[PDB]
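Taking the form deposited in one PDB entry, here's one chain by itself in structure tokens.
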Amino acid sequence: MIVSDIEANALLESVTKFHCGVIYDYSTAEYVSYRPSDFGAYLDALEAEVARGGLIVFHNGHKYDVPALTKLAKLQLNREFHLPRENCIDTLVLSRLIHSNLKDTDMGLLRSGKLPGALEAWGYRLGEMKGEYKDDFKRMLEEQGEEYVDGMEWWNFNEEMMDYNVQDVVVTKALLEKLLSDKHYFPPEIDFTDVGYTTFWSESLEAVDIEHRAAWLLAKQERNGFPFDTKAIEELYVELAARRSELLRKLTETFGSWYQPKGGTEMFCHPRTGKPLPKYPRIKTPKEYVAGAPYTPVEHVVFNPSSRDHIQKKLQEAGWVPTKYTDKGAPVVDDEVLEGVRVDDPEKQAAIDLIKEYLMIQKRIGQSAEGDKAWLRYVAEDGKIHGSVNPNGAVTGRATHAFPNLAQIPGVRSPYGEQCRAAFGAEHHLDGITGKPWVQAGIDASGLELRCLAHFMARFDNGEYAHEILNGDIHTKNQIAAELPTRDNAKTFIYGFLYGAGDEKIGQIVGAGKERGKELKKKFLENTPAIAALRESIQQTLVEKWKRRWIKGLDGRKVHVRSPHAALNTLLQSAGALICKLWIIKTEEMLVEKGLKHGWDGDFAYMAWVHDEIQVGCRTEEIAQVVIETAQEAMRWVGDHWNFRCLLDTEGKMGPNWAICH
């Protein structure tokens, strides 16, 4: 076993130079540094470890170091370097599994202060090394009088960078040993720093194997990217902006501008008496003015439909009496209240609809083009959006997606959803050889969490629900039974209910009141009374205070329970997440053993994983048909693997893009 780390001139997307690397070998107990001209020697050392059937440890190596070395080896040395997945270990992946209850800065990409809770120390330091190095580089240059530019600390190699490289491995070594000391994941009988790769995976908890495989697969998915239609979205932006300009024109026509105090520093005091008047706007007594003559500094403010204050001001000035307020001191101004607001003036009443439309218009504009994480700001030169994925970002074992979040794209059945969704598609990728557009294969797990519920309550009802659940579609069967307008509304209803929503909450979901809420709650809870027995057993197991805070996951991991009322959600959402995680891993592995190659220079390419669904680009329709069939086989395999009491299924769709494949 060896622990290593590299320093290079840029992020993976544009890295072109290896600066230095460090290797700590457990067999010699020494550190060895490699400078820019020692790249070949560094690479040799890593392969030597692989040749012994050993292990290589990196902190974020799956996403950066490993792929970076492959890219750089070819560019600088004209060498094929490909470390096998089975010989690699990632302390960041391990930390995210073991310390699943805690957040992290995603290697310095996230603001440390905006994150809730505590942060693991060693990992925190590793995530701050780059910014910390930039601080050391900047001051060293300002001491010598030289000027700092853009991000020049990474252009060339220097001994300060080399030092931070050695510190990375010492800290990574420390984090590794801290992780291996967890008896729940690693048996005390075995010294995991003294075993071959095969022993490392076989002796450790199943979760350790699944997390590294998931991270290795998802790193590939990021590198693949999701073919995006820039032109279509740019045209959509022009259409949305035109509608925004018009809505703003009509709205400012109806709701005029006004003045408000701004800039006042001085306290206004009663002239007659003398007591300070804290309610009056702050004044300004000058030195067009006259020394001693007070005045209220004011600003002119134009109506802004994106503000919730201006709308509140204008609507109340028109007669609206707010019913619901926020815990601070502000009336609730959301789409629910706006839809119910009633004034007298017909023009202002009509303006409320323009406001509701404007808010949505802005929502689409911000996500697609103007926001900081907008799609148009994230498209790479290859015409693809390489969204990030934290494989085990959620406490339940689910993944998180960001930069941008490809798991929150507007659904095809929402305003402008078809245009948004159509822009993400395999059709937008033209084959490197033939130039023909690829085909898309979208597969989604059928009624996931409800089947997880069927599994867990099988000890109470003897698999009765598990049999009833596959009597046609569960959501379409519930929709009709509950008298709901859509199947999507049945989904939000059933999960809202299952996870403890109050009567009023269930009413809001279905578009009714607390009365209908109670009816629906007892109607569904009486049909499957084992839900109550399941909830109770969970409580007796977790609460006494806390008898035990975590739940044992399907792969053996500890799944932190945050609150007693969200314990069933922790159990079910974790089961679905781990099932889906093993599912995407098995699917790709089956495809590969069928001769299929993963990559744009191959046969298929993972473009996105959205909880229980995958969108895969396929070179041909024939290949897409197989990806869809293989995904169904992999799901049935997963179910048999963990001896599920409910049959797991998927639904596949072939098409040119996301609007058609989901």
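Here, rigid core means the biggest group of C-alpha atoms that superpose within 1.5 Å across both forms. When you see a residue number, it is the position in the sequence shown, counting from 1.
There is another form of this protein, the form deposited in another entry, and it is not shown here; the text below is about that form.
With the rigid core aligned between the shown form and the other one, the listed residues 432, 472, 256, 274 include just one Cα displaced by at least 2 Å, namely that of 472.
Residue 323: CA moves less than 2 Å between the shown form and the other one after rigid-core fitting. Once the cores line up, the CA of residue 139 ends up less than 2 angstroms apart between the shown form and the other one. In the core-superposed comparison between the shown form and the other one, the C-alpha atom of residue 340 has shifted by less than 2 angstroms.
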